[PDB]
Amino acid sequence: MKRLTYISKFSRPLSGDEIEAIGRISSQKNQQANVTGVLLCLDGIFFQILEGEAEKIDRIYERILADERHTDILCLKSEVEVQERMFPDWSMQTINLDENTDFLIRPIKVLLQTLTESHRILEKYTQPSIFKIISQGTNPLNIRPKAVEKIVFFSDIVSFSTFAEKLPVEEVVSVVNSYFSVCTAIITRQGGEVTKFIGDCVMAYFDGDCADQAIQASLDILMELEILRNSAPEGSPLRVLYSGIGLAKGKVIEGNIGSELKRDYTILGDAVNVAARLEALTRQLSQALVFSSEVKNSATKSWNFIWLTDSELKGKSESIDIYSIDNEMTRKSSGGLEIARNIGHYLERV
């Protein structure tokens, strides 16, 4: 059997009518599916444990995930090898702690709420991969390191130092966070993982057989930033927000890396350095998107590849053939590298 524990937030205030309507329908449908567990609600927060056959649990959770009556749904625990139920006589008992006034309940209710609020804070500072791993039924702390082929993605804001020199601190942070949000949304949708931000740089990766998705993600980012630039208000710093992007491919180490008290689930390897070094060359090469021949050859779609140069850095003493893709979007984005050389006056005036 499978047992799923999640928490969620009310999308909007819910009356007593609606709360017991949820319990009513949930209990009837879980009875049919031989699913048991408990649904708790407290100050506009839901907690639910559900247990039963994995296929039935997944289909129920799928409906729960689509229910517009709550949001911020976060699976805290997925157990996929359960052989004894924890709540057998209870298709879906519902408990409302708001209407509860019992003696020892008052301190436990406060603790539940404070734990949940603290957990919601830490979620905002936690890599998305950690919650994905948890939702697959794995404790991330017990993942052992492995060598894995990845496509590594590195991007940054062109002429970012001009933004920091010219704009108030709150506007600098607004620009960087807008950029990070654009990149993160598209990378994640294309099946990649944003693993680190450093300064105004994004580091991300894709499965090693997903060069096509990494390339498409990169082109979509350039496309989204074009929409952002040309839709921004007159005088907005967003009108001169341009990105450089570099991709590389290689065997890296994936796992928990860090100090005793603080680690990241992330990657380590030469392809990280290569992606960052390629991304740095975007200005010299006058191309917003650059990538290695290994990425080029790994792709299976008929992209309009253009050879740029044979270049070296390192280290390992081997030259690297560097490519881009030639289309209207990359030409426009590459012209943006030139525009961004002289945005100081424009930014001085926001």
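Sequential numbering from 1, following the sequence displayed.
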On mean Cα temperature factor in this entry, is 308 to 316 or 22 to 30 the higher one? 308 to 316
With respect to the recorded C-alpha B factors, which stretch has the higher mean value, 108 to 116 or 272 to 280? 108 to 116
Can you tell me which of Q190, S231, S91, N256 has the highest Cα temperature factor in the record? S91
Based on what the PDB entry reports, which of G208, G244, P145, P128 has the top C-alpha B-factor? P128
Sort the modelled residues of this chain by their C-alpha B factor and say whether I7 lands in the lowest, middle or highest third. lowest
Compare the C-alpha B factor of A288 with those of the other modelled residues in its chain, then answer lowest, middle or highest third. lowest
In terms of its chain's C-alpha B-factors, the third that includes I325 is the middle
Tertile call for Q213 (CA temperature factor, within chain, third-based) is the lowest
Ranking the modelled residues of this chain by C-alpha B-factor as given in the entry, is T184 in the lowest, middle or highest third? lowest
